[PDB]
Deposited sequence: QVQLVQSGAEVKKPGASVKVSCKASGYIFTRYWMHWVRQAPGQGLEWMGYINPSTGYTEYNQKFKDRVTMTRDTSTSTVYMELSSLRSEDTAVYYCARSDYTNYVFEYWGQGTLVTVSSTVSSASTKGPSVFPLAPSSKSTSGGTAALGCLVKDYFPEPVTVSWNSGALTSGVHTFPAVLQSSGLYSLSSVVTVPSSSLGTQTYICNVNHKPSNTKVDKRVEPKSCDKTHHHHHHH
């Protein structure tokens, strides 16, 4: 069963260089070509080139003929990819793909690598406490701010997983510090606020942080 492992996100300064990679598994390495596609944030895909792993032959898009250098390693089944002179537009995701037996279709895609700075850190969790004005016994909104963590991901459950209706956990965003930030919110009956307890559970596995913040009325 074919499997394509890629390296994690990166943040380089304009003019430098980065090397993505792509461990492979599940098929005879040298028998299939490896491509590389990039996808700008909120943009369509774009083909960069390919490599033959039996020989080293490569074929680049001209847009990066001077900046990409696809590479292989018959031993570790790993196909690299070094983009040099990184500009601001070069920020994107980067997938590697396997070919069929004709080098004409993409049969297996990887997972992604966002290249665009800090080290490994756990998040601070902050209560987004419901409003006092609310609306009688209708609907109220409360949440959690899971701020300043690296790397991704984090998981958030509510009330040890017993609270699923009305939960919205928002995708992270990268702040200018190199740290991710994230909100999680649930809408609940205004009536339940003083009667029911709301604990948001935040588990960030890389740091082995594990925080449980009660979110109490104002």
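Numbered from the first deposited residue, the unresolved ranges run 117 to 122, 225 to 236.
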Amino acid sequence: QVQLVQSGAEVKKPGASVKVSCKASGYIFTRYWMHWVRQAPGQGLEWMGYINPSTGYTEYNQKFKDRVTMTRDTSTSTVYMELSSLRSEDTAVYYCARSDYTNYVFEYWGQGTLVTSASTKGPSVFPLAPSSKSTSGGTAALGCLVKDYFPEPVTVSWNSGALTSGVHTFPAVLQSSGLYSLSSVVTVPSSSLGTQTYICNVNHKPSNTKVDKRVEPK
From here on, numbers count along this sequence of modelled residues.
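Taking the PDB entry as given, 23 to 31 carries the higher mean Cα B factor of the two stretches 23 to 31 and 151 to 159. For the segment pair 103 to 111 and 83 to 91, the entry gives 83 to 91 the higher mean B-factor, averaged over Cα atoms. The PDB entry assigns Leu142 a C-alpha temperature factor belonging to the lowest third of its chain's modelled residues. Among the modelled residues of its chain, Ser176 has a C-alpha B-factor that falls in the highest third according to the deposited record. In the deposited entry, the Cα temperature factor of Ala97 places it in the lowest third of its chain's modelled residues.
Ranked by Cα temperature factor within the chain, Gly166 sits in the lowest third according to the deposited record.
When all modelled residues of the chain are sorted by CA temperature factor, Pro189 is found within the middle third.
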